[PDB]
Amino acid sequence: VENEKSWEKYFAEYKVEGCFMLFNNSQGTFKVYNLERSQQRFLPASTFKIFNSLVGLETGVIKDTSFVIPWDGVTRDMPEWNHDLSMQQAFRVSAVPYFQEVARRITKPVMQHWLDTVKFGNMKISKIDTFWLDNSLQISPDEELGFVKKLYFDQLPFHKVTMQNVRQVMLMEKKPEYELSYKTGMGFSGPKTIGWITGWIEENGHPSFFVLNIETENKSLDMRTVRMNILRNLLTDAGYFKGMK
């Protein structure tokens, strides 16, 4: 593990705290800003959709990535969500109600079995449809990094087609120079807003795994935009987006 202290630049620019972890498979380099935070636990918020999708597909609650759960007719603050959505659409717009219904169909005893089998964070369920957003379940950035690396390499205890389907829906940006796959998250913990982006970037078929975790006590900061700007600035600094990795 190399300590990359210059990455503080991109967090200080937004007056936030955070860590960044970057594992470049092909060059065998592993860089981390804020090692202490990388070992601290936080609620996963919407990054848990990776796990929920895996278990939903594996148990067969979700038939395939086109599987539709209708809108329940409850109008929510995000217009994207007030529709009948396929798994792929719900994942990409981060539609919480889709995955709350997945969790209820999985059921708490089955969910607990899969948390325990994968050894996912503190493995703690409060309520079946809130536990990844209400600060009961917690996971560290280093744990999220290990999890997505195992997902990429088919090392989790799921069927290969289950894991291929989740990798496919995680693909968010594709150019000839790079393919960027990730899941974002945002949650609340005490006075703090916690932001996540977990995923990988592939250039020439070579993956680099990353986890970004940020926090602020400034209630007026736009975490949704700031987390993405910070990720793009960090990966640009590290030499990505040009097809050279």
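Start at 1 with the first residue shown and count on from there.
For the pair 112-120 and 72-80, the mean B factor over Cα atoms is greater in 72-80. Of the two stretches examined, 100-108 and 152-160, the record assigns the greater average C-alpha temperature factor to 152-160.
Of the candidates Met223, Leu234, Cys19, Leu22, the PDB record gives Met223 the highest C-alpha temperature factor. Of the candidates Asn213, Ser66, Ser208, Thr184, the deposited coordinates give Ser66 the top C-alpha B factor. In the PDB entry, a CA B factor belonging to the lowest third of its chain's modelled residues is recorded for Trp196.
Ranked by C-alpha B-factor against the other modelled residues of its chain, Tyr33 falls in the middle third.
Per the deposited record, the Cα B-factor of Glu173 falls in the highest third when ranked against the other modelled residues of its chain.
Annotation for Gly190: C-alpha temperature factor in the highest third relative to the rest of the modelled chain, per the entry. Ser53 sits in the lowest third of its chain by CA B factor, as recorded in the PDB entry.
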